[PDB]
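fold the following for me, if possible:
(2 chains, ligands or ions: 2)
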Number of protein chains: 2
Amino acid sequence: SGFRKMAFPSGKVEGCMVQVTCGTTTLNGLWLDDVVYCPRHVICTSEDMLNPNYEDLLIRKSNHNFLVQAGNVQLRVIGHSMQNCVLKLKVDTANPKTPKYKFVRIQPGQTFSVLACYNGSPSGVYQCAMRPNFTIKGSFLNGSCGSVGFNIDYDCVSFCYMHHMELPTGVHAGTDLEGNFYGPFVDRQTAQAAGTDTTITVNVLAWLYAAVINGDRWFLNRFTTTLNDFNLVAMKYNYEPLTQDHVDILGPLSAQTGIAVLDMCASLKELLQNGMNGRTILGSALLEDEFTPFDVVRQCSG
Amino acid sequence: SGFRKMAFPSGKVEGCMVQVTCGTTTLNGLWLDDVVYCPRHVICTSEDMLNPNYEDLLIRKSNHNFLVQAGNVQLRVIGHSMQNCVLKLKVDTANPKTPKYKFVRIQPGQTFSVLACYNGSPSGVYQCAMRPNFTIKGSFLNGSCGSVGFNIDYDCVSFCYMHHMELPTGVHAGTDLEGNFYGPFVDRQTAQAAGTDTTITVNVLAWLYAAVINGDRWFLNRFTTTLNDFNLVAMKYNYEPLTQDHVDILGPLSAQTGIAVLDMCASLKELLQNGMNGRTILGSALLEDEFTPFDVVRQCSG
Ligand SMILES: *[C@H](O)[C@H](C[C@@H]1CCNC1=O)NC(=O)[C@H](CC(C)C)NC(=O)OCc1cc(F)c(F)cc1F
Ligand SMILES: *[C@H](O)[C@H](C[C@@H]1CCNC1=O)NC(=O)[C@H](CC(C)C)NC(=O)OCc1cc(F)c(F)cc1F
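Numbers count the residues shown, from 1 in each chain, chains lettered A, B, ... in the order given. Ligands and ions are numbered 1, 2, ... in the order given. Structure data below:
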C-alpha cells in the first residue's frame, strides 16, 4: 500500500566514492578495482574553465599532481588517462568493496538513483529521470561533480551517470561512465541551453496504472481511443508520441489491472483536456512522468 | 541548484537487516551488536491476529522456534524477550557491521529515511514525515514489517521507526525501536482509524524558504502579519498553529534569505486564500509540508 518515489539502496555505491584533488580543485571520484573515474574538469583552474584545452592541461600533469583520498587513507596514483570527458586514475590499491558492476548508457525516459556526494562523502540519495532533452532535475551544489547515478539489479550495480554541470535553468547535465555527455553539452564554464523538454508519455501511463493498483479510479472512463488519435492529442500538449513498443511494455500492468492500454490512453486524453478539477492522483495535482513501467512493477504488487 | 526530496545514504543500515522467521511468518529484523529487534507479531498465526495475547504466545515459544538469517548465514538464537511491541532475539554473533547508533523517539513533523526491506533484503529508500496524527505516508507491502526509519548525523545512525501495519486509508503505522507505537494504534489485525490530519505549518514555511533560496520569488509580497493573525488563518485551513519556538527554528533560513518569518507567513496566508493561480513552487502545484527546516538547510547552500 502506498506509492513513493524510491531510490535504490546506496550502500554498494557508497563504498566506491573517493575524493580527487588536483591543485585547488576537489571533486568526487568513483573507485572500482584499481581505477578511479572522475570528471576531467578537475584539472582546470580559474581561467581554464571558459574554454579549456584538456589535452594540453593533461600533458602538463603528472601522477603526483593527483591526490586521491578514500576516507582517511591516501591512495597512490600510478597512472592517468583521459577518456572523453572522464579522467581515469590508476591507483596502487584495488577497492576491496568493489561491487559487481556494469557501465550502461541509458535512453531518455529511463530513471536512476543519484548518490549526491561532497568531498568523497555521500550526502543523500534520490531518484531522477533522464529527460527527453538529456537533462536531469537533480539537486547539486558546488563540489558535487563526480557524483554518480545508478540502478541495481540482483546485486549488480549498473552505473549510468556522472555529474558535471548545471544549466542556467537550474537543471543538470553529465556523462555516462565512459565520459560521453548525454545531450549536446560540453564541459566548459559557459551558459548552455537545453532543447525544449517534453513529457514522457509512457511513464505517465505507468503512473496512472500505479494509481489504479493503489485504488485511485476516479479518472477512468468507458471511452477508448486509437493510438493515432491519442498521439494527435499528445502532440498538442507536448507529450512524446506513444509507440507500439511502449504499448507492449505496458502489457504487464495492463494485464494486472484489466485496463487495456488504449483505455488508459483515453483517460490520459481526458485528463489533458479537462484537468483534474481539484482532485489528485497518488497525492499529486500534476501528472507525474518520472516513473518507468519497471519502477511501477518493482514497487507495486497485487 | 535544485531541490529534491532526499533520503540519507542507507549503507550503514543495510548491513543491519536480517530475516526473522517464526513458523510460517517471515519479516525483517534489525541486527545490532548481538541482538535482533523485530515486530512481536512475528509470533502470531492466522487466528491469533484478530486479538493476540502476546505474553501467552511468547511463553509457548523457545529459542529454536526463531530462525534468523543474515544473508545466507543462519544466526543461532540464544535468548528472547519482548519489550512493548518489539521482540528482542539474542544471537550468538555480534554484527560486525554495527554502526554507531542511537534509538530516538521523534516528534510529529520530523522526517526520516525509510529502508524498505523484504525477506531481510533492502528494496529501496525514501523519505517520510511523522504526520501530526502519527501515521506516515509510506510504501509498504506484505513482508515489509520490521523495515526501519532513521536519520544519520556524522556517521551515527539514529533509529526512530520500525514498521508494523497499514491502515484502511493506505497510510502506515509503527513503533519506536523500544516497541512503543506512535499514535493510538495497536498491533492487531483490525481496521484502525487515525485522527484527522493537519498540515505541518513550520515545514511549509521551511519549503517556501527553500524555494526562495532556489530563485522562486513570485509568491512573496510586501505585506506582513502578526503571529496571532496568522494562526487564525491557519486554523481555517487545517494548518498547525505556528509557535514562537517554530519562528526561532526558522531563524537561520530567514537570515540567509533576508525575509522575516512573519513576512513569509504573509505569503503563506495569501497562498492559502488565493491558491497558486496555475503557478508552481519548486515544481509543486500543492504546498509541501514534509521538509523540516533542518532538511532545507542540509540540502540548500548559498
Ligand atoms: C561540479 O561540481 C559543478 C557542479 C555544479 C556546481 C553548482 N551545481 C552544479 O551542479 N560543475 C561546474 O561547476 C561546471 C564546471 C565546468 C568546468 C564544466 N560549471 C557549471 O556548472 O557552470 C554552470 C554555468 C556556467 C555559466 F558560465 C553560466 F553562465 C551559467 C551556468 F549555469
Ligand atoms: C507486516 O509486514 C504488515 C505490513 C502491512 C502489510 C501490507 N502493507 C503493510 O504495511 N503488517 C500487517 O500485516 C499487520 C499485522 C498485524 C498483526 C499488526 N496488519 C495490518 O496491517 O492490517 C491492516 C488492516 C487490517 C484489517 F483487518 C483491516 F480491516 C484493514 C487493514 F488495513
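
quick check: residues of chain A near ligand 2?
Neighbours of ligand 2 within chain A, by Cβ under 6 Å from any ligand atom: residue A:1. Every residue, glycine included, has its C-beta placed from N, CA and C.

in chain A, which spans are strands?
A:17-22, A:25-32, A:35-39, A:66-70, A:73-75, A:77-83, A:86-91, A:100-103, A:111-118, A:121-129, A:148-153, A:156-166, A:172-175 (DSSP state E).

take these and write them to TSV, including mean neighbour count and distance to residue A:58.
As requested, the strands of chain A are arranged in TSV below (neighbours: other Cβ atoms under 10 Å in any protein chain shown; distance: least, Cβ to Cβ, whole Å):
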stretch	mean neighbour count	distance to residue A:58
strand A:17-22	23	10
strand A:25-32	24	14
strand A:35-39	24	13
strand A:66-70	19	11
strand A:73-75	15	19
strand A:77-83	14	5
strand A:86-91	22	8
strand A:100-103	15	21
strand A:111-118	24	24
strand A:121-129	23	27
strand A:148-153	21	22
strand A:156-166	22	16
strand A:172-175	26	17
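
ok, residue A:176 - contacts?
Neighbouring residues of residue A:176 by Cβ atoms under 8 Å, 6 or more residues apart in numbering or on different chains: A:103-106, A:160-162, A:182.

which residue packs closest to residue A:71, ignoring adjacent ones?
What sits nearest to residue A:71 in space, not counting adjacent residues and going by Cβ to Cβ, 6 or more residues apart in numbering or on different chains, is residue A:120, at 7.7 Å.

mind listing what residue A:69 touches?
Contacts for residue A:69 (Cβ under 8 Å, 6+ apart) come out as A:18-19, A:21, A:75, A:120.

neighbours of residue A:284, how many?
When counting by other Cβ atoms under 10 Å in any protein chain shown, one arrives at 15 neighbours for residue A:284.

can you check the one 3 residues further on too?
Residue A:287 has 19 neighbouring residues, counting by other Cβ under 10 Å.

who's in contact with the closest residue to chain B within the stretch 1-150 of chain A?
Nearest to chain B, among the residues of the stretch 1-150 of chain A, is residue A:11, at 3.0 Å (Cβ to the nearest Cβ). Going by Cβ under 8 Å, 6+ apart, residue A:11 touches B:9-12, B:14-15, B:122.

with adjacent residues omitted, what lies nearest to the closest residue to chain B within the stretch 151-300 of chain A?
Across the stretch 151-300 of chain A, the shortest distance to chain B (Cβ to the nearest Cβ) belongs to residue A:285, at 4.1 Å. In space, and not counting its chain neighbours, residue A:285 is closest to residue B:285: 4.1 Å by Cβ to Cβ, 6+ apart.

residue A:214 and residue A:282 touch, don't they?
Yes: judged on Cβ atoms under 8 Å, residue A:214 makes contact with residue A:282 at a distance of 6.5 Å.

any common contacting residues for those two?
residue A:3.

ok, now which ones touch the residue of the stretch 151-300 of chain A closest to chain B?
Residues in contact with residue A:285, defined by Cβ under 8 Å, 6+ apart, are A:276, B:285-286.

do residue A:168 as well
Residues near residue A:168 by Cβ under 8 Å, 6+ apart: A:191-193.

give me the neighbour count for the residue nearest to residue A:273 when sequence neighbours are not counted.
Spatial nearest neighbour of residue A:273, excluding adjacent residues (Cβ to Cβ, 6+ apart): residue A:233 at 7.3 Å. Neighbourhood size, residue A:233 [other Cβ under 10 Å]: 17.

distance of residue A:233 from residue B:262?
46 Å (Cβ to Cβ, to the nearest Å).

report the beta-bridge partners for residue A:150.
Judged by DSSP bridges, the bridge partners of residue A:150 are residue A:113, residue A:159.

can you tell me how far it is from residue A:62?
Here residue A:150 is placed at a distance of 31 Å from residue A:62 (Cβ to Cβ).

please apply the same query to residue A:20.
Taking Cβ to Cβ, one finds residue A:20 at 15 Å from residue A:62.

likewise residue A:184?
With the distance defined as Cβ to Cβ, residue A:184 ends up 33 Å from residue A:62.

show me which positions of stretch A:295-302 end up buried.
Neighbour counts over stretch A:295-302 (16 or more other Cβ atoms under 10 Å in any protein chain shown) mark A:295-297, A:299-300 as buried.

just the residues you listed: which are in helices?
In helices, defined here by DSSP state H, the members of the buried residues of stretch A:295-302 are A:295-297, A:299.

which among the residues you listed are in contact with chain B?
With the criterion set as Cβ under 8 Å from any Cβ of the partner chain, the members of these near chain B are residue A:299.

how about JSON lines for the ones in helices among the buried residues of stretch A:295-302, with distance to residue A:39 added?
Shown next, in JSON lines, are these (distance: Cβ to Cβ, whole Å):
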{"residue": "A:295", "distance to residue A:39": "28"}
{"residue": "A:296", "distance to residue A:39": "33"}
{"residue": "A:297", "distance to residue A:39": "34"}
{"residue": "A:299", "distance to residue A:39": "32"}
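
looking at the ones in helices among the buried residues of stretch A:295-302, which is nearest residue A:219?
When those are ranked by distance to residue A:219 (Cβ to Cβ), residue A:296 comes first, at 16.0 Å.

check contacts around that closest one.
Shown in contact with residue A:296 (Cβ under 8 Å, 6+ apart): A:206-207, A:209-210, A:213, A:253.

give me the neighbour count for the one residue in the stretch 51-200 of chain A that gets nearest to ligand 1.
Nearest residue of the stretch 51-200 of chain A to ligand 1, counting by Cβ to the nearest ligand atom: residue A:145, 2.9 Å away. Residues within reach of residue A:145, counting by other Cβ under 10 Å, total 25.

I'd like the distance between the closest residue to it other than its chain neighbours and ligand 1.
When the adjacent residues along the chain are set aside, residue A:145 lies closest to residue A:27, with 4.4 Å between them (Cβ to Cβ, 6+ apart). Separation of residue A:27 from ligand 1 (Cβ to the nearest ligand atom, to the nearest Å): 5 Å.

tell me the spacing between residue A:27 and residue A:129.
Remark: distance between residue A:27 and residue A:129 (Cβ to Cβ) = 24 Å.

with residue A:221 instead?
Taken as Cβ to Cβ, the span from residue A:221 to residue A:129 is 27 Å.

near residue A:248, how many other residues are there?
When neighbours are counted by other Cβ under 10 Å, residue A:248 registers 11.

the helices in chain A, which residues?
A:11-14, A:54-59, A:201-213, A:227-236, A:244-249, A:251-257, A:261-274, A:293-299.

Throw the ones you listed into CSV and include distance to residue B:156, thanks.
Shown next, in CSV, are the helices of chain A (distance: least, Cβ to Cβ, whole Å):
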stretch, distance to residue B:156
helix A:11-14, 16
helix A:54-59, 41
helix A:201-213, 35
helix A:227-236, 50
helix A:244-249, 43
helix A:251-257, 41
helix A:261-274, 46
helix A:293-299, 30
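
the ones you listed: which one's closest to ligand 1?
Across these, ligand 1 has its closest neighbour in helix A:54-59 (10.1 Å, Cβ to the nearest ligand atom).

give me the residues contacting the closest one.
Helix A:54-59 is contacted by residues A:40-41, A:43-44, A:48, A:80, A:82, A:87 when judged by Cβ under 8 Å, 6+ apart.

can I assume residue A:86 is in contact with residue A:42?
No: the criterion here is Cβ under 8 Å, and residue A:86 misses it with residue A:42 at 10.1 Å.
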